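Just one chain is shown here, as structure tokens, and it is the form deposited in one PDB entry.
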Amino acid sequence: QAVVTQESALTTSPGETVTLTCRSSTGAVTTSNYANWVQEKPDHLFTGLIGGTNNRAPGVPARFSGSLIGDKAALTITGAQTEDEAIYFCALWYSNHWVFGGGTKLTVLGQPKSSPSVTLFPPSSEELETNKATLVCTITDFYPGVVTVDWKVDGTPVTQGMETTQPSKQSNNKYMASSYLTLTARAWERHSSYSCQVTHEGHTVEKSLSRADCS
């Protein structure tokens, strides 16, 4: 079917204007797609913002306005506020069904950007006694709240038995995430170097251990 595409993330500052856009894979967006915009705030709080291209929902501030910009639908936030830091989804109507875009993660800087603090914990000997090993890579104090995480075992990318949390907002309004690598005890004993690498804003912060050394 039709694919709806939005910018994946945007960064702005209080008082600035930001333009989010929404593309239809099938051709131009027109008023016959009745573009909707909806906001998602933490703990799955969803507020409808715009419908039918440019109808503002009751109780939504005026600084939100919907339009077409040539062949795309757009949401314009004029004089963005810190509480506008949220995910924005557009949805397009295709004759008898709605299709959602992927969402845009909007950051509205309420403080300077912050790189992640990474700590890598090795398996406890308690856990090893069970024949299982879990590495824990904790990732705190990053802003904007988006990171990707890559693991390496003896230098080689690891895909299997890896799970990462979605970022969540700390009380200081920076973000945190955690990632786990799960191995057997035999697999842990079989390799020497283990690396958790966190990429944020195109810069990588890395933490490593060897099970032989404190290097």
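In case it trips you up, residue 1 is the first one in the sequence shown, and so on. Definition used throughout: the rigid core is the maximal C-alpha set that superposes within 1.5 Å between two forms.
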Going by the entry, of stretches 137-145 and 121-129 the one with greater average Cα B-factor is 121-129
Entry B factor averaged over C-alpha atoms, 19-27 against 201-209: higher for 201-209
Highest CA B factor of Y175, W188, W37, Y180, as deposited, is found at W188
Scanning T53, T47, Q160, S65 for peak Cα temperature factor in the entry gives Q160
Of the three thirds of Cα B-factor ranks in this chain, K152 occupies the highest
Sorting the chain's modelled residues by C-alpha B-factor and splitting them into thirds places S95 in the highest
Binned into thirds over the chain's modelled residues, the C-alpha B-factor of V3 lands in the middle
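What follows is about the form deposited in another entry, which we do not show.
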Inspect the rigid-core superposition and answer whether the C-alpha of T12 shifts by 2 angstroms or more between the shown form and the other one. no
